[PDB]
Amino acid sequence: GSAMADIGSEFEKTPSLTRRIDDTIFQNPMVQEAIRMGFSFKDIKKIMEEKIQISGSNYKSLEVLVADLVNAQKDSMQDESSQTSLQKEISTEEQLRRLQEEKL
């Protein structure tokens, strides 16, 4: 029995962060309504891709979606040891170095 909320106090940092969006955001408009209530984009794409992968299809209604969201972020477990840190996007942020005249 704990006395203080050690499982989540600020929730500022995340278990993953990637520069690519998910194609499930565009195909299923219930996603944008979930973020509009105050949820994170990463959480909605994650619960969608996992639900479709395991069950075979998207959520029925926002009622089921938001219930499973609060449940998953409160109390869930996952295993992501062997992750592929790879992408097809260009590093256009590196190209700004051509403008910076002040460099060693």
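What counts and how
Residues numbered from 1 in each chain as written, not as in the entry; some residues may be left out. Heavy atoms only, no water. Helix = DSSP H or I, 4+ residues; strand = E, 2+ residues; numbered from the N terminus. Rg over C-alpha atoms; globule rule 2.2 N^0.38 Å. Buried < 20%, exposed > 50% of the residue type's maximum accessible area, 1.4 Å probe, protein only. Contact = heavy atoms within 4.5 Å. Areas by Shrake-Rupley, 256 points an atom, 1.4 Å probe, with all protein chains shown as cover. 1 Å grid on protein atoms, 1.4 Å probe; cavity = no way out; pocket = protein on both sides within 12 Å on 5 of 7 lines; lining within 4 Å. Points joined across faces, edges and corners; volume = space filled by probe spheres on them. Nonpolar A, V, L, I, M, F, W, Y, C, P; charged D, E, K, R; others polar. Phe/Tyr/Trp six-rings, centres within 6.5 Å; stacked < 30°, edge-to-face > 60°. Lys NZ or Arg CZ within 6 Å of the ring centre and 35° of its normal.

- As documented in the archive entry, the model was determined using solution NMR.

Here we look at the overall build of the chain
Item 1. Along the chain, the regular secondary structure elements total 4 helices and 0 strands.
Item 2. In the chain, the succession of α and β elements from N to C terminus is α-α-α-α.
Item 3. A globule of 104 residues ought to have a C-alpha radius of gyration of about 13 Å, yet the chain, at 18 Å, is considerably larger.
Item 4. Taking all 104 residues of the chain together, the buried fraction comes to 16%.
Item 5. Long-range pairs, those at least 24 residues apart, make up 58% of the contacts in the chain with a sequence separation of at least 6.
Item 6. Summing over all exposed atoms, the chain offers an accessible surface of approximately 9,800 Å²; the carbon and sulfur share of this is 50%.

Observations concerning the layout of surface pockets
Item 1. One number sums up the size of the largest pocket: a volume of about 1,500 Å³.
Item 2. What lines the largest pocket is a set of 39 residues, and nearest its centre among them are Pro15, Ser16, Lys42, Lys46 and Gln78.
Item 3. Of all elements in the fold, only helix 3 (41-55) and helix 4 (62-74) reach the threshold of two or more residues within the lining of the largest pocket.
Item 4. In terms of residue count, the dominant contributor to the lining of the largest pocket is helix 3 (10 residues).
Item 5. For the lining of the largest pocket, the per-class residue count stands at 13 nonpolar, 12 polar and 14 charged.

Regarding unusual backbone geometry
Item 1. Positive phi, close to 50°, is recorded for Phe11, a residue that is not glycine.
Item 2. Within the secondary structure, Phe11 is located in the segment before helix 1 (23-27).

Side note on the packing of aromatic side chains
Item 1. Inspection of every chain in the model, using the stated rule, returns 0 aromatic pairs.
Item 2. Across the ring face of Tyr59, the terminal group of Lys51 is positioned such that the distance to the ring centre comes to 3.8 Å.

With respect to the environment of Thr18
Item 1. Mapped onto the elements of the fold, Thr18 is located in the segment before helix 1.
Item 2. Overall, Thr18 belongs to the exposed group, its relative accessible area being 54%.
Item 3. Here the alpha-carbon distance between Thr18 and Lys42, two residues 24 residues apart in the chain, equals 9.1 Å.

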